[PDB]
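This document starts with one chain, in the form deposited in one PDB entry, laid out as structure tokens.
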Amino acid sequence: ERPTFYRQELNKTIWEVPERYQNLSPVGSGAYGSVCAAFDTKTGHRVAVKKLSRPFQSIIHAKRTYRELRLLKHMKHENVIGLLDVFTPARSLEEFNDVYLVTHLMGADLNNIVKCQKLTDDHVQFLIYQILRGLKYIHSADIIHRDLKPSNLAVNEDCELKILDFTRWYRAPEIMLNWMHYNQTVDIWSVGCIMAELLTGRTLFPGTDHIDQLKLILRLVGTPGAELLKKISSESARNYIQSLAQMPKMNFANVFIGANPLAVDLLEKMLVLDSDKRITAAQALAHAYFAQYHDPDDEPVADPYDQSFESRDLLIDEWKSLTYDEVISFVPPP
């Protein structure tokens, strides 16, 4: 009922994993934690093992750890990371310190993409399609990514694309500053900046700070109009913006010159300052740009997700217990 674990130290980090996972090779590390490629002897496929960094060092971390485990256990969709296994070496809650997450190995991300490129750039269509397909699903459970960027989006040798861990270059201007009650469509903005970057090769808005970032966004999409200024509840921001010289909305065809005109039409519908006017994932899939891949019979919505815990205010030992309960109750895919 409990497997056999084995110790291992990979550049100054303790890896204690069940013996079914072999040939652990580091692929990267950061704030999220440490990830290793590995061979799963049970299923026989290549997996990625993530060890959470300092999972219970504060109420923020402990709650963040619980959040990630709850989200990842909920996601059943081809364009979103699924959990194959979650485990801890600890035999009880008393000594429960570390958490490991297991998903199928993804060779690269949207920064890399050399396995998918062709001269026509018909790869872009398939890559953005998969993002929107996974966003529709995520957004259907009232989940918003917020920090969507090319390193968040994994890709295989087959150019299958998946989202994971839910600069400021791709951040929707409404959440850089906070004018209105920011909705799902913050992510559609990030897809805009990503798509554009895949079509030109250059970062669309490579701003050096929150000042420079809003300067570069307004250069392209023009300063807020009469009807958008109205809906900004923050005086700081309404002062910030009205104090700046009026910029006109540029012609997208002239900016994105030599790119599929169907792509330009989609960009124009993604990069609007007004979140209420901006295209949804569900709508964007139906855009003619994706006519090849689109199918409303195989673009599914997620089951309802219980986000009631986000409001709740508990101690680290309480989150840890709630986290521990989610590891024990885990069941893999059939």
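Start at 1 and count along the sequence shown; that's the residue number. Between two forms, the rigid core is the largest collection of C-alphas that superpose within 1.5 Å.
Not pictured, yet referred to below: the form solved in complex with a small molecule.
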Report whether the minimum heavy atom distance between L228 and the small molecule in the bound PDB entry is within 4.5 Å.
yes
(Q) When the contact criterion is heavy atoms within 4.5 Å, does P173 count as touching the small molecule in the bound PDB entry? (A) yes
Q) Taking heavy atoms only, is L273 within 4.5 angstroms of the small molecule in the bound PDB entry? A) yes
query = Is there a heavy atom of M180 lying 4.5 Å or less from a heavy atom of the small molecule in the bound PDB entry?
reply = yes
The one residue in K115, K230, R202, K76 whose CA moves 2 Å or more between this form and the one not shown on rigid core superposition is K115
Q) Rigid core fitted, then: does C36 show a CA shift of 2 angstroms or greater between this form and the one not shown? A) yes
**Message:** Superposed on the rigid core, does the Cα of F96 end up 2 angstroms or more away between this form and the one not shown?
**Reply:** yes
Would you say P26 moves between this form and the one not shown, meaning its CA shifts by 2 Å or more once the core is fitted? yes
A change of 3 Å or more separates this form from the other: in the bound PDB entry, the C-alpha atoms of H123 and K115 are farther
Checked in the bound PDB entry: CA of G28 to CA of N111 differs by 3 Å or more, atoms lying farther
